[PDB]
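Step one of this worksheet: look at the structure below.
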Ligand SMILES: OC[C@H]1O[C@H](O)[C@@H](O)[C@@H](O)[C@@H]1O
Ligand SMILES: OC[C@H]1O[C@H](O)[C@@H](O)[C@@H](O)[C@@H]1O
């Protein structure tokens, strides 16, 4: 009914990004990265029962990390770093996502300040918000209890 | 499950600590600290309507930090560091708590890996879990959406 909204982690560059329909079920996340997180996109079923394909936020290019999820496989842990890269002061530089199936996905290069959200009980990540320009300046999460 | 349970951050020393009645409303937090977090205690109204006085977890001593909260003032941001201190490898070394009234409370000395939970919308911290022995080895939070 009410999602928990946590973040964002990263700098103040770029423009605010968000979703207008709260997610109910996260189906996929696609990240592009080099030495920093270059884009994020994600696909979910809204609380309205409709499917949304969000993004990409950021300029992309680099190498892809494609995370596919569903009714039983949930994101249970997300962490990363944010800091200086490519002559910018504070960018999301690295992301690590762990699902309930013990599938681990990593993007970028650890560099800067840590953040981490390990979820217990039934909590899981269902969506994102943040800031983007050419890169992902900052990232935040929506958490389904 | 109505609360979001996040964490813990810190090492694997000490013994697991937790609460059994889910919190509805957090009324106060008491922290003792030196170069590390030496104890935490808190009191809350449970979902059963009863008041609970939890802790102290940890051995305490040092300087006290007393955080008082209520129906309008609650914890919107909690952050900290964990890592080596004294002759130990991974302890909660520092905590910063910010309330909806823009009251900020700090305990310990920043040292080690960062963690941070900045809550948006209606989310707020209502309780804690973690690990303790002589000190607070690790700390986690319960979040009310
Ligand atoms: O996204 C990284 C960077 O991209 C562009 O240079 C601009 O949008 C900046 O404001 C932003 O910080
Ligand atoms: O709490 C810090 C330290 O205190 C005690 O001596 C023991 O419980 C340890 O296992 C613990 O790591």
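Considering only the range B:101-113, I want to know if a residue exists there that is in contact with a strand residue (DSSP E or B) (Cβ under 7 Å, 6 or more places away or on another chain), within 14 Å of chain A (Cβ to nearest Cβ), touching a residue at least 40 places away in the same chain (Cβ under 8 Å) and in a loop (DSSP other than H, G, I, E, B).
Yes - at least one qualifying residue is present in the range B:101-113.
Are there any strands (runs of 3 or more DSSP E) wholly within the range B:1-72 with 1 or more residues that are within 14 Å of chain A (Cβ to nearest Cβ) and exposed (fewer than 15 other Cβ atoms within 10 Å of the Cβ), and if so which?
Of the strands (runs of 3 or more DSSP E) lying wholly inside the range B:1-72, those with at least 1 residues that are within 14 Å of chain A (Cβ to nearest Cβ) and exposed (fewer than 15 other Cβ atoms within 10 Å of the Cβ) span B:15-17.
Which of the numbered conditions does residue A:90 fail, given that it passes all the others? Conditions: (1) within 14 Å of chain B (Cβ to nearest Cβ); (2) more than 21 Å from residue A:22 (Cα to Cα); (3) under 12 Å from the mean Cα position of the chain (by Cα).
Here residue A:90 clears every test but (3).
Quick one: which residue in B:98, B:92 is surrounded by fewer than 24 Cβ atoms within 10 Å (Cβ to Cβ) and not in a loop (DSSP other than H, G, I, E, B)?
B:98
Virtual Cβ from ideal backbone geometry, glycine too; neighbours counted across all protein chains shown. Values quoted throughout were computed directly from the atomic coordinates according to the rules given, and no laboratory measurement underlies them.
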